[PDB]
């Protein structure tokens, strides 16, 4: 299933692709961690998603063992791919001590 984010990007969590509606040729290939983060965020729009939840969805439920630092690094890479600025975000907002929150519109 595809998601349209902030009426700007088309995200496909199955192919792991991000496409900016300004482009006819460019397909952004998201890394696995960035895609899975964006998928869980888009399935729960505007919810504060805990770090544990993202850690579990993205790594643990698939047997992968990584430090919490991997979440924070993957968020930073994703924000870069979305051209999302850390304050003031348009896509992913940090909620300190509680996780992250997708504030972009999600249309499915």
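Residue numbers count along the first chain shown, from 1.
S.K.: Per the record, averaged over C-alpha atoms, which has the higher B-factor: 61-69 or 79-87?
M.R.: Taking the mean B-factor of the alpha carbons in each, 79-87 is higher.
S.K.: Select between 25-33 and 52-60 the stretch whose C-alpha atoms have the higher average B-factor in the entry.
M.R.: So the stretch with the higher mean C-alpha B-factor is 25-33.
S.K.: Comparing residue 1 with the other modelled residues of its chain, is its CA B-factor in the lowest, middle or highest third?
M.R.: Tercile = highest for this residue's CA B-factor.
S.K.: Lowest, middle or highest third: where is residue 14 by C-alpha B factor in its chain?
M.R.: Answer is middle: the recorded C-alpha B-factor places it there.
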